[PDB]
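To start, the structure itself, in structure tokens.
Values in this text are rule-based calculations from the coordinates and carry no lab data. A quick note on method: Cβ atoms are made from the backbone with ideal geometry, for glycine too, and the neighbour counts reach across all protein chains shown.
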RNA sequence: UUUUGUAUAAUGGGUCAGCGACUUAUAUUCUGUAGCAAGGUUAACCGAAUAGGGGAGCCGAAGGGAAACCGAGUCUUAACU
RNA sequence: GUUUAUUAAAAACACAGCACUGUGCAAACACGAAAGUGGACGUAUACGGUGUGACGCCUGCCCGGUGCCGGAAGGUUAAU
RNA sequence: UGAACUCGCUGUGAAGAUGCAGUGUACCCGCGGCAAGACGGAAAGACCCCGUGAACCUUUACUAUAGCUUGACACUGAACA
RNA sequence: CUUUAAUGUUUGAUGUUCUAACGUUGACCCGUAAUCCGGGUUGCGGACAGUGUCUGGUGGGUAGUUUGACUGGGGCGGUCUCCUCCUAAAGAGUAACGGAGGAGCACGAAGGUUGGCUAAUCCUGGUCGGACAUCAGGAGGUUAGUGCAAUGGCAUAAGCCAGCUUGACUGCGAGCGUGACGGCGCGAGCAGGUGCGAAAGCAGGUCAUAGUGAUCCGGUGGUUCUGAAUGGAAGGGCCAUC
Ligand SMILES: CCN(CC)CCS(=O)(=O)[C@@H]1CCN2C(=O)c3coc(n3)CC(=O)C[C@H](O)/C=C(C)/C=C/CNC(=O)/C=C/[C@@H](C)[C@@H](C(C)C)OC(=O)[C@@H]12
Ligand SMILES: [Mg+2]
Ligand SMILES: [Mg+2]
Ligand SMILES: [Mg+2]
Ligand SMILES: [Mg+2]
Ligand SMILES: [Mg+2]
Ligand SMILES: [Mg+2]
Ligand SMILES: [Mg+2]
Ligand SMILES: [Mg+2]
Ligand SMILES: [Mg+2]
Ligand SMILES: [Mg+2]
Ligand SMILES: [Mg+2]
Ligand SMILES: [Mg+2]
Ligand SMILES: [Mg+2]
Ligand SMILES: [Mg+2]
Ligand SMILES: [Mg+2]
Ligand SMILES: [Mg+2]
Ligand SMILES: [Mg+2]
Ligand SMILES: [Mg+2]
Ligand SMILES: [Mg+2]
Ligand SMILES: [Mg+2]
Ligand SMILES: [Mg+2]
Ligand SMILES: [Mg+2]
Ligand SMILES: [Mg+2]
Ligand SMILES: [Mg+2]
Ligand SMILES: [Mg+2]
């Protein structure tokens, strides 16, 4: 079904992560977003995008 | 069991 | 692990509440290694509690009854 | 091409009629479009559910040059 | 002979203060990514067994 | 008897007599009843043997939490209006 | 010739004949956890299995599939 | 073989009536005969469907397995290229 | 390195013999007036064969089972979850092998917000240029558009474009809808922390309604909550996820 599951991991120490999908087959660039990290309790940067 | 009663 | 009532403790005979004593007075269980005293029931005679975790309540209750709580 | 299908009914409709006294947050209508629009003290959720925002009595109105149905919540 | 406990029930239901049963929600085990954060959040806390199910639960736990 | 429905041309019985189908054990809950009551009761055993002894135990007077643990509170959450 | 003893005697089974194929004998094969025994006191002009069914005139084309037979270099591949 | 004081017709009716309604007919009881009816007797329908029934039988259904076959180790040693 | 070639090391390996384990369903001797068996002698084989344990393959020979349900009998065909409309009798709901269709995805922008914008169709004119391409005007007034089926919505746009962006936030949640249940949906508001806006304010994904799979078992990360003498550890729990 093409679209593929990926995790966004917290740029902070905290091993926290969010979880989503993407069309690797067209948007191969890793995915970087600002998301709230509830361990540091601060909007930090999230990375990786499988 | 063999058609007519009782052949 | 067991819990003890203020209502007990005035019934160990030998105003000193500790594991083997409660046990003797048949209120906890021969194999209990740990016991707490809860704020349940009233406490009347003063009494001494040795080696037993004690809730805030129970402490007030016991201390008001002129008793001591020596961990 | 072979029929036979249909989908579970969605229990859409009016949940509280005019005059009904509701507590805040209470759904007044499950609708699909906005047959009714949120008026005073009435909210509009995603599916276009209209809900109450204050405790009061469900009022139905027709307001405006478009003549649109509105649901509001007056204090009792 | 003692009634025997449906041992799988005893791994899923716990009897509480007023005599009811708490139990874990269903749907937080996997296939998580698509489920709304809201949805999952209200599934975390435990819940009471329904009126219509106490018959069944209780049948499975004589010694609860 | 079974059926939506049987005088039914649907089932069973030739007739009489005797016999023939919801029990028993242990658990468990509930009702009723008796006892004692924040207590209630003892098992095996002992025995002066339906007595008496035996409180080992079990249930109940505390819950909340997965748990550590805290406790008339506890969990949830950094915290809860 | 045989057969459904008791609803089928037949065109069914057997049959001499034919063809394949297995078998070097402690045979193949078969009854047996085994010992032992049939095959056979036989030995490839023998013994087993399979099909076809006197005889006459004959029995063509196909080996992709499925079975079987042969192969050894690669590939894949068990316990160890 | 439930019990019978056991007729026809047309209707009706769990829908093919000696027994229901209407009506017709018929004095009581045998014997010899016939088989149109008593959905006549016999046998809890073999067809058909159903039961998360049974059994055999088949196969490139599943799962196992005797047998057959492969190697490793053991019984299993020695001396030479 | 493109690919070969000359000793090794041992190690098996294919190999050569030996005999002494082992086979002999050759001959002989004795127990024996015995085609068994045992011992002995010899001949022939020989570490092979064969057997035990482990192991791949084969294995209807045997065995145990499976081989769905709905259905105007059954079978064939078709159907089995979900979404939309009608049947549905102006609240909800409502059957048929009734009538018609669609889903099992997509999007990091096609999400958020601030600002801005407004179709379809027809006529007239206009290079290539045509019934229809792009341009201008008038009519028109949403008949357009909305990732997609239908329905209901949509101009204050939910339609269209740009900038800045990650609220497609984490913890919760008064109070409701809908379910036999499992569960599913709506939700203001609160706390932390965000983006857009001068501000009021908006944002907990997408106009809404399909786009889905319980539980067990297991994987990954986090987290000392647990830790069977003690300290650790395994394993378990808890949270995220597959
Ligand atoms: C050509 C004439 N035939 C056709 C097959 C008439 C019937 S038959 O004799 O051949 C045979 C027995 C009854 N059958 C019916 O079909 C049947 C149909 O309706 C009825 N029976 C109604 C009745 O007659 C019920 C009666 O009370 C009961 C009976 C007579 C059943 C007896 C049992 N016989 C069988 O089961 C035989 C079954 C096989 C032979 C089937 C074949 C189709 C396979 O035949 C019948 O059932 C046959
Ligand atoms: Mg005791
Ligand atoms: Mg989990
Ligand atoms: Mg009937
Ligand atoms: Mg009647
Ligand atoms: Mg009758
Ligand atoms: Mg009659
Ligand atoms: Mg009878
Ligand atoms: Mg015969
Ligand atoms: Mg004959
Ligand atoms: Mg031959
Ligand atoms: Mg023939
Ligand atoms: Mg009649
Ligand atoms: Mg008549
Ligand atoms: Mg007569
Ligand atoms: Mg029958
Ligand atoms: Mg039968
Ligand atoms: Mg079989
Ligand atoms: Mg069926
Ligand atoms: Mg309606
Ligand atoms: Mg209606
Ligand atoms: Mg859009
Ligand atoms: Mg705007
Ligand atoms: Mg033109
Ligand atoms: Mg240990
Ligand atoms: Mg230890």
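How are the C-alpha pair distances of the range D:11-64 spread across 10 Å bins, as whole percents from the shortest bin up?
27, 61, 12
Compute the FRET efficiency between residue E:16 and residue A:18 as 1/(1 + (r/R0)^6), taking r as their Cβ-Cβ distance and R0 = 25 Å, and round to the nearest 0.05.
0.10
Given a Förster distance of 22 angstrom, what is the FRET efficiency for residue D:7 paired with residue D:47, based on the Cβ-Cβ distance and rounded to 0.05?
According to the calculation, E is roughly 0.90.
So what is the diffusion coefficient of chain A in µm² per second by Stokes-Einstein at 20 °C and 1.002 mPa s, using a Kirkwood Rh over Cα pairs?
191
Averaged over D:13-19, how many beta carbons belonging to a partner chain fall within 10 Å of each residue's beta carbon?
The per-residue average across the peptide is 0.
State, in angstrom, two size descriptors of the protein assembly as shown derived from its alpha carbons: Rg to one decimal place and Dmax to the nearest whole number.
When restricted to Cα atoms, the protein assembly as shown yields Rg and Dmax of 32.4, 108 Å.
Sort E:32-40, D:6-14 for me by packing, meaning the mean count of neighbouring Cβ atoms within 10 Å per residue, highest on top.
Highest mean packing first, the order is E:32-40, D:6-14.
Return the Rg/Rh value of the range C:2-62, two decimal places, where both radii are evaluated on C-alpha atoms and Rh is the Kirkwood radius.
Taking Rh as the inverse mean 1/r over Cα pairs, Rg/Rh reads 0.91.
To the nearest Å, what is the center-to-center distance of chain A and the range C:1-60, using C-alpha atoms only?
For chain A versus the range C:1-60, the Cα centre distance is 55 Å.
For chain E, what's the radius of gyration and Dmax over Cα atoms, in angstrom?
Final numbers for Rg and Dmax: 14.4, 49 Å.
If packing is taken as the mean number of other Cβ atoms within 10 Å per residue, what is the order of A:35-42, C:35-42, D:51-58, highest first?
D:51-58, C:35-42, A:35-42
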